[PDB]
Amino acid sequence: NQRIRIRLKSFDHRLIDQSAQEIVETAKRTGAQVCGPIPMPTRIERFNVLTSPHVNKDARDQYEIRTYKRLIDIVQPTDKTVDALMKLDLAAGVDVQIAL
Amino acid sequence: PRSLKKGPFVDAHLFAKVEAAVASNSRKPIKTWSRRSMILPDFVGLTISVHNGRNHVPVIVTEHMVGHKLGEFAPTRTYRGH
Amino acid sequence: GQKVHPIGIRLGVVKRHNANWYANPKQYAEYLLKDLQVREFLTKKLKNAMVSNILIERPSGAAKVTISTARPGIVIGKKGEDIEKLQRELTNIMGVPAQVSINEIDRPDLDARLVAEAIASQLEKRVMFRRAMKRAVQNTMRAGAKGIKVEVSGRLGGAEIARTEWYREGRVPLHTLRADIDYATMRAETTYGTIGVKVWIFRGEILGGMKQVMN
Amino acid sequence: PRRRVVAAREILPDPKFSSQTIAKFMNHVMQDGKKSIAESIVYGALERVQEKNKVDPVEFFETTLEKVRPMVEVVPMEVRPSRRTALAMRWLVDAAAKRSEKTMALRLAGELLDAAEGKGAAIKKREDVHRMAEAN
Amino acid sequence: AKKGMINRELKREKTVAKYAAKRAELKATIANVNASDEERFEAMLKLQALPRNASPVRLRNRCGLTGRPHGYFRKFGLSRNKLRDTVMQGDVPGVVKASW
Amino acid sequence: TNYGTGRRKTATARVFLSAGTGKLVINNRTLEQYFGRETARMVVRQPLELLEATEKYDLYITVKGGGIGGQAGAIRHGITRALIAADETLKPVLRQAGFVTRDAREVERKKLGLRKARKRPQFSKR
RNA sequence: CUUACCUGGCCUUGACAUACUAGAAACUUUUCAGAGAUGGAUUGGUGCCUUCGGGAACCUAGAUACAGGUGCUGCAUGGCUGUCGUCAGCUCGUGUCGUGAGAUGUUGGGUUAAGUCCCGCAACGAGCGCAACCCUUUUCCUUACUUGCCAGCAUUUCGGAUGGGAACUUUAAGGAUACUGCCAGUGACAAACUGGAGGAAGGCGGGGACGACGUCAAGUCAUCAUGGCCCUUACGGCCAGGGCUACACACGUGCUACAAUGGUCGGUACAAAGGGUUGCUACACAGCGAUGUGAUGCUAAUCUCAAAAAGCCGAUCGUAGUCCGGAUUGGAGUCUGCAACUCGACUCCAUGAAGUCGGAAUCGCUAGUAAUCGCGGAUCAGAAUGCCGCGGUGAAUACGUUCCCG
Ligand SMILES: NCCC[C@H](N)CC(=O)N[C@@H]1[C@H](O)[C@@H](OC(N)=O)[C@@H](CO)O[C@H]1NC1=N[C@@H]2C(=O)NC[C@@H](O)[C@H]2N1
């Protein structure tokens, strides 16, 4: 039972899509079979910040930050695939976790 | 109130003083700032000066007082009417 | 009469972030605090090197600081010892190994912060305030921007009653979200208090959206 | 509205009888969005009248509404047809609010029955309005 | 804030870290049921005899830049006044204006 | 054998329609044990009553999300589009009766400085 | 604690910065006096780099320039914010007229949500505003098939539970579509306006963000910065206890009610969004209960908060200050915390106040709106009827501009 599984987290969906696309294209080069990417539900968190220094309760900025997630499976991988993926260059703004 | 499984709370510096007074027979008042200590049976018959914010007011402990906090007998606010 | 921040409003629309890293919720605060420390340190240390933009990346346990400068010789040093010294100081500050990359601006007059710094320096060098902003406006317009607005506020000329002057030339479409507008602010410290300087520079519209910007 | 002319909304026919007038009566009865409670009240009021005198509920309601409709309002002016039904319905439901008897279903059935014969605060309201109109 | 208050917070934060291990051990002893009631009672007395600043209940979250004690926002470590400026000039990754 | 999808106020219904003798089932329950209130049952049954074909089909329905009214509306929409997929000539009649439109009304968000979508706090001059 | 205020106890180059001088690694145990701040003893350790002459870290001791100030001036200022007001306007160059301040352009007929668009004209041309580009929701398509899904087949402990399937719902990236596009009138046979078909949607489909030149010496020296003034054995700094929670009264904003369209008891359905490793906890046992103990999964489309409530069915109460209401008070407890007296939340027993729809007057709202029902979060050891969000059920009325306000 060999199946690599990769999870990606980011604050920018364009960057996360770039990384996932490039990862699957790298794996197909070594020739293993790929399932995904599977988009997972996005986390959205929101904050209300008073803008005035002293007193205006109705004057606020509303900010949000989003966490995007992607999941990929590599099934029946060859010997080249594992070290190629581990060699793959890290892109800033994206967190990648690899599990056996 | 404080949970029964924990037992009563008494400040250590007040407890040592009251125990010394009990072991001796001093009639000198004890002087404390510990408004939060609860009156135990050993406190009965003694004189404790409890701070109220500006002065230490004297309290003679009777049998009924046991179970209350010391600060209950030294009010902190002054009111005489409008 | 209060205007939204021109970069804040179009962040994530046509403009990217000066910080680009991911962190877990329990590391976000420490990362952000150390990044702010780095910015505050670099501003002071390169006050005289025409630094405009600082970009911070954390790929994995390491930091890449990109400094956009118009005087690369001063920042790098005669032999390149200064970049190493800066790398050591920033490594100490961040607690992780750090590296520095220089990005040279080709046209300083097209940049918002450099122009504001020049106006503020002249104002505390006691040049009459109306000459400095006309000079900056015509310099940028000749450099080839599509518009510029300049504003100065405070005790202009050492007067008792403070006031606000401004001067605009060209196009400055603030409400158009896809417009590419650069903005900066500075403080000039004079004998009679603080004077504030604001600059807007418009350099055409960004077509294709953030898909084209490739965020 | 000073700018434009609004269109009255489209109320749906009642499910169990298919009567738009009965649906409107339900909407006048309902409070706080409790359509089920309003429907229970309306049906309980209809069944009492059907049992005490055997008429088809739809026709009986229409005929009683026709009796209760007022021809003049509030300087008399003339009412539009929709205001006729609105005013008649509102008077019909208001009287049952003040009537005796404990439950509202029977309180409404009492007014429905008595208005058919010609006694009821709803009809007295129409009477007073027409006395005022003929006075002016 | 005044410099005295900022230094006072640092002193409290130092004392807490100084006594954390002993405080945790004493609380574990109190929670231990196998130990004798006499042992638990002495553990309680030692915990009550520890210095006041060792208790984490006395720390107050302050802005990392200014020391403001109101409007803290744990996720960033900054109070609202500095949070708004740093966000709006584009130095906090992932945060944007929110509309929905 | 034919399929329809209906939506109304966060509720979604998937409807399978086939030839049969009036067997209708929702979430492995009968209509009367599923919908307690009775207007909901007419809302569900309307599309077949309009076509006079109550006894000519079997309906297998699954619904998720929303409340009792929204689920009934979604089921009605799904039945209508399943019938349209079955026969394209019934669409004029169904559109005339109005069952084809997707009701796009939804809950308005709460706004800053307001108690609700539109309601304001009480105001006073002095 | 916060804390800036009061009472009392203390320190003086200072709790914090730099420069000068000397000595010690820095640090560490245990104990006594005291309310603590502090003071006095008692231990162990004595480290790293080093052209090793020493240096670095850190502390202590001395000296003066200084530090420090939530002290004053928002009428000396920067930055930031409210308001007219999402109101439709506001300006410039070159010409021409006038001794001149100034004027024209920007005016006049339609039309629009709009200085939006068409026509005429000593004016000819530009800029900021309006619209659009941005987010979200409504229909369809492609990519993607797990932790999410179950139409067809198979097993089954009838639990998508299992083998399987990639259909459907969903998740979330990228696209398509709506443009007066077509038909009938209207207008000047301009702009534009009124009806119809198709279509998920028809004339700006709904909501959000975005705030023009300027006004109010509007607000903030207590977020921060900063000119000037002022204190510096005290207006600076440390501590314990108290106060910010007082109470003859007056006002603003809310919550719960005054009941039968209801209260109580039993049975039984249907959400969305969000939080969780110092955390959330399945399950079992103990307790009337808040909770306690053991134990299991979870760094989460996987496990959990979690019971949605109003709703539906059956019973009872029969208009009473009540089987309405739930204030106040006596007694007994649980939890957080070093510690709940002043001054926490919650649980159980008992008690059962005012209140029977509210004077003159005044406020919100035009549709998934008002009304009503529950659910979540930030702050946070604990402490929401406030604030910011989420869905469920779901109305009535608009003839019109005469009057009130802008
Ligand atoms: N708590 C108050 C503290 C004292 C103030 N801070 C002192 C202050 O500000 N003086 C200012 C200051 O000399 C300067 O103003 C600027 N900007 O420097 C001048 C220039 O007008 O005006 C003074 N003020 C005035 N007020 C008066 C007014 O309105 N009409 C009449 C005449 O008396 C006016 N002048």
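Every heavy atom of this structure was used, including side-chain atoms; hydrogens, water molecules and symmetry mates were not. Residue numbers start from 1 in every chain, and the chains themselves are labelled A, B, ... in the order their sequence lines are given, proteins ahead of strands.
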Under 3.5 Å, which protein N or O atoms sit close to an N or O of nucleotides 225-229 of chain G? Give each pair with its distance.
residue, atom, partner, partner atom, Å
G:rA225, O2', C:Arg187, NH2, 2.7

ask   = Can B:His51 be called stacked on G:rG241 when the rule is centres closer than 5.5 Å and an angle between planes below 30°?
value = no
query = Where does the angle between the aromatic ring planes of B:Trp33 and B:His56 fall among parallel (under 30°), tilted (30 to 60°) and perpendicular (over 60°)?
reply =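 Geometry flag for B:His56 against B:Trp33: perpendicular rings.
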inquiry  = Parallel, tilted or perpendicular, judged at 30° and 60°: which one describes the rings of B:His68 and B:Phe73?
reply    =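 Ring orientation, 0 to 90° scale: tilted.
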Side-chain donor-acceptor pair present, F:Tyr34, F:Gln71, cut-off under 3.5 Å =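 Side chains of F:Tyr34 and F:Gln71: pair found under 3.5 Å.
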request  = Scan side-chain atoms only and decide if C:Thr176 and C:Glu205 contain a donor-acceptor pair under the 3.5 Å cut-off.
outcome  = no
Can you confirm whether [N] and [M] pair in Watson-Crick or G-U wobble fashion, both distances under 3.5 Å?
N	M	value
G:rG23	G:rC335	no
G:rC324	G:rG355	yes
G:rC210	G:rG108	no

Could I get a table of every N or O pair under 3.5 Å where one atom is in the protein and the other is in nucleotides 125-129 of chain G?
residue, atom, partner, partner atom, Å
G:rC128, OP1, C:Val172, N, 3.3
G:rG129, OP1, C:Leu174, N, 3.4
G:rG129, OP1, C:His175, ND1, 3.3

key: Side chain of A:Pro53 - closest among G:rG219, G:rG337, G:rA398   = G:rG219
Between protein and nucleotides 195-197 of chain G, what N or O pairs are separated by less than 3.5 Å?
none

Pick out the pairs of N or O atoms, protein on one side and nucleotides 399-402 of chain G on the other, that lie under 3.5 Å.
residue, atom, partner, partner atom, Å
G:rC399, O4', D:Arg80, NH1, 3.2
G:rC399, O4', D:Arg80, NH2, 3.4
G:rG400, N7, D:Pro1, N, 3.2
G:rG400, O6, D:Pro1, N, 3.4
G:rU401, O4, D:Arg2, N, 3.1

ask   = Among F:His77, F:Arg81, F:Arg95, which one satisfies side-chain contact (heavy atoms from CB on, under 4.5 Å) with F:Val100?
value =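 When side-chain contact (heavy atoms from CB on, under 4.5 Å) is applied between F:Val100 and each of F:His77, F:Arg81, F:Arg95, only F:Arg95 qualifies.
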request  = Output yes when a side-chain donor or acceptor of C:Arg171 lies under 3.5 Å from a complementary backbone atom of C:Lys146, and no otherwise.
outcome  = no
request  = Mind telling me the pucker class of G:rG74, north or south, from the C1'-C2'-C3'-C4' torsion?
outcome  = south
ask   = Quick one: is C:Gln2 getting a side-chain N or O under 4.0 Å of the G:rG82 phosphate, OP1 or OP2?
value =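 Checking C:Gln2 against G:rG82: at least one side-chain N or O falls below 4.0 Å of OP1 or OP2.
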ask   = OP1, OP2 of G:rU81 versus side-chain N and O of E:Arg84: anything below 4.0 Å?
value =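 Yes, because at least one side-chain N or O of E:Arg84 sits under 4.0 Å from OP1 or OP2 of G:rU81.
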ask   = Ring centres of A:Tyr63 and A:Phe47 under 6.0 Å apart?
value =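 Centroid distance A:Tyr63-A:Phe47: not below 6.0 Å, so no.
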task = Hey, could you give me each pair passing salt bridge (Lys or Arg N to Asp or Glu O under 4.0 Å) that has a residue in residues 113-126 of chain F? Not counting sequence neighbours.
result =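 Every pair satisfying salt bridge (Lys or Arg N to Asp or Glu O under 4.0 Å) with a residue in residues 113-126 of chain F: F:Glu108-F:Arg118.
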Please enumerate all protein N or O atoms sitting under 3.5 Å from an N or O of nucleotides 372-374 of chain G, with distances to 0.1 Å.
residue, atom, partner, partner atom, Å
G:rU372, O4', D:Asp32, OD1, 3.4
G:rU372, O4, F:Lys116, NZ, 3.2

